[PDB]
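Step one of this worksheet: look at the structure below.
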Ligand SMILES: *C(=O)/C=C/N[C@@H](C(=O)O)[C@](C)(Cn1cc[n+](C)n1)S(=O)O
Ligand SMILES: [Cl-]
Ligand SMILES: [Zn+2]
Ligand SMILES: [Zn+2]
Ligand SMILES: [Zn+2]
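This is how it looks when you write it as structure tokens:
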């Protein structure tokens with residue numbers, strides 16, 4: 005890699021690892037469209053297995069970017085419309101509060117207060133229906149954004165219904181395979197489990213536990229190479245030969261709602277570039293990122309703006325991830341770690357690197 009990249013990566017990430025006690029980390033810096041890879045530490049401490057470019061990490065909520073693009077691909081196929089009512093795809097959702105809640109609201113967390121989590125007691129389709137049937141909204145739809153796995157999670161599940169495919173089969177055939185993400189998995193196959201890093205929480209080795217709608221909201225695992233290719237695909241959608249997927253990527257970066265200097269896409273979140281770094285750093289703290297905030301509709305949604313900081317944080321019990329990119333500059337970064345360390349530390353490091361390379 006260019007010396008300038010090597011230097012800023014060492015001086016930014018090695019101290020981050022020292023400061024945050026991260027056991028293993030993989031970073032990809034995309035510079036002029038090309039990924040440069042860096043690894044540190046161990047995927048499995050006790051076995052002394054190093055992190056490599058083939059190590060699988062839990063992406064956590066970075067998974068929502070795949071769900072948003074899959075939903076965009078379904079829009080481009082004409083299979084769904086964001087204005088469609090939820091009940092078109094789930095008629096059994098007869099409760100009156102669902103009158104007026106659209107797929108747009110589900111995808112963008114604006115349904116009116118769907119909770120952050122699907123309750124752990126939900127273990128079957130019948131349990132899931134009772135959960136949504138009994139939910140009482142705190143706000144009218146389309147007025148407040150409250151980040152929630154139960155919101156975009158339902159969006160993903162319903163968006164694939166017209167295809168007749170399971171969510172996992174839809175994601176594999178319509179996103180992973182066309183983009184040659186051949187080491188990205190909702191369910192890690194046994195033959196690949198040897199590359200699956202352990203996450204570390206308070207010293208103990210942990211993996212994410214199953215949960216309702218986990219694949220849609222936080223359940224994808226991937227390598228640093230595949231995630232760099234994901235960033236390249238979102239930086240340069242016109243390079244993708246499948247037209248519905250090219251357009252789905254663009255639709256996921258459209259701006260549907262604004263709150264402060266942040267715009268809500270499908271999975272992705274966006275800000276105008278140049279960005280105020282303190283805003284993205286401070287705003288990534290869960291105290292803010294998970295709080296309810298009023299939104300203003302953008303009608304029609306702004307088509308994907310090239311001069312944007314586009315990003316998503318993600319976490320599981322034992323992992324912490326971050327992806328950010330700037331289409332106008334063909335600049336991006338992926339940071340995968342097997343410790344869940346505070347989001348602001350992730351964003352600060354990413355901005356220090358990309359700012360140095362602009
Ligand atoms: C996106 O990053 C969301 C991640 N969810 C985390 C979290 O809430 O901190 C997990 C995945 C929570 N969770 C709920 C149900 N299950 C199986 N995990 S993590 O702490 O376990
Ligand atoms: Cl140094
Ligand atoms: Zn040094
Ligand atoms: Zn791969
Ligand atoms: Zn392989």
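In my numbering, the protein residues as written are 5 to 362.
The beta-carbon is built from N, C-alpha and C at its ideal position, and this holds for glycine as well.
Task: Spatial distance of residue 256 from residue 112 (CA atoms) - done: Spanning the alpha carbons of residue 256 and residue 112 requires a straight line of approximately 10 Å.
- [ ] Would you kindly report the start and end of the unbroken alpha helix (DSSP H) that includes residue 259?
- [x] Going by DSSP, residue 259 is part of no alpha helix (DSSP H) but of the beta strand (DSSP E) stretching over 259-263.
Open item on the list: For the region 61-74 against the region 315-324, do three or more pairs of beta-carbon atoms, one drawn from each stretch, fall closer than 8 Å, so that the two count as touching?
Closed with: Touching, per the Cβ criterion.
Task: Residue environment, residue 36, which counts as buried when at least 16 other CB atoms sit within 10 Å - done: By the 10 Å Cβ count, residue 36 comes out exposed.
Open item on the list: ligand 4 and residue 230: does any heavy atom of the ligand fall closer than 6 Å to the residue's C-beta?
Closed with: At least one heavy atom of ligand 4 is nearer than 6 Å to the Cβ of residue 230, so yes.
Task: Beta-bridge pairing of residue 208 - partner residues as DSSP gives them - done: Bridge partners of residue 208: 205.
- [ ] Grab me the residues of residue 223's own chain with a C-beta within less than 7 Å of its C-beta, minus the 5 sequence neighbours each way, in chain order.
- [x] Around residue 223: 67, 190, 212.
Task: Straight-line gap, residue 184 to residue 140 (C-alpha atoms, nearest Å) - done: So the two alpha carbons sit approximately 42 Å from each other.
Task: Within the region 27-69, ranges of the beta strand (DSSP E) (whole runs, at least 3 residues) - done: Listed in chain order, they are 28-35, 38-48.
Task: Cutoff 8 Å; reference residue 192; Cβ partners in own chain excluding five residues on either side - done: Once the five neighbours on either side are set aside, the close Cβ partners of residue 192 are 60, 200, 225.
- [ ] State the CB to CB distance for the pair residue 239 and residue 329, rounded to an integer number of angstroms; the pair is presumed to be in contact (CB under 8 Å).
- [x] Contact holds; Cβ gap of about 5 Å.
Open item on the list: Closer than 7 Å between the C-beta and any heavy atom of ligand 2: which residues qualify, listed along the chain?
Closed with: Residue selection by CB proximity (closer than 7 Å to any heavy atom of ligand 2) returns 14, 15 in chain order.
TODO: Measuring alpha carbon to alpha carbon, tell me which of 175, 291, 205, 40 ends up nearest residue 233.
DONE: Minimum Cα-Cα distance from residue 233 among the listed residues 175, 291, 205, 40 corresponds to 40.
TODO: Leaving aside the five residues before and after residue 253 along the sequence, list all residues of the same chain whose C-beta is less than 6 Å from its C-beta, in chain order.
DONE: The residues are 73, 238, 241.
- [ ] Work out the CA separation of residue 235 and residue 310 for me, nearest whole Å.
- [x] Cα to Cα, residue 310 sits roughly 14 Å from residue 235.
- [ ] Check the DSSP bridge columns for residue 341 and list the partner residues they point to.
- [x] Beta-bridge analysis with DSSP links residue 341 to 29, 324.
TODO: Please report how far the alpha carbon of residue 368 lies from the alpha carbon of residue 198, in whole angstroms.
DONE: Any property of residue 368 remains undetermined from this structure, which presents the chain solely from 5 to 362.
Open item on the list: In the DSSP assignment, the alpha helix (DSSP H) including residue 12 goes from what residue to what residue?
Closed with: Element bounds for residue 12: 7-24.
TODO: Can you give me the Cβ contacts of residue 87 inside the same chain, cut-off strictly under 6 Å, excluding the 5 residues immediately before and after it?
DONE: Here the set comprises 106.
Task: CA-to-CA distance, residue 138 to residue 244, given in whole angstroms - done: Approximately 42 Å, taken between the alpha carbons.
TODO: From the DSSP output, read off the bridge partner residues of residue 312.
DONE: DSSP lists 276 as partners of residue 312.
Open item on the list: Please report the distance separating the alpha-carbon of residue 275 from that of residue 231.
Closed with: If you take the alpha carbons of residue 275 and residue 231, they lie about 21 Å apart.
TODO: Evaluate contact between the region 174-181 and the region 83-98, counting only Cβ atoms and requiring at least three cross-stretch pairs below 8 Å.
DONE: No: fewer than three Cβ pairs fall under 8 Å.
- [ ] Starting from residue 295, follow the alpha helix (DSSP H) in both directions and report where the run begins and ends.
- [x] Membership of residue 295 in any alpha helix (DSSP H) is not indicated, and neither H nor E is assigned to it by DSSP.
Task: Span of the beta strand (DSSP E), counted from its first residue to its last, around residue 200 - done: Careful: residue 200 lies outside any beta strand (DSSP E) and carries neither H nor E.
Open item on the list: Is residue 319 near ligand 1 - that is, is its Cβ less than 6 Å away from at least one heavy atom of it?
Closed with: Yes; taking the cut-off as 6 Å, the Cβ of residue 319 has a heavy atom of ligand 1 nearer than that.
- [ ] Indicate the three-state DSSP secondary structure (helix, strand or coil) for residue 113 in the structure shown.
- [x] Secondary structure of residue 113 (DSSP, three-state): coil.
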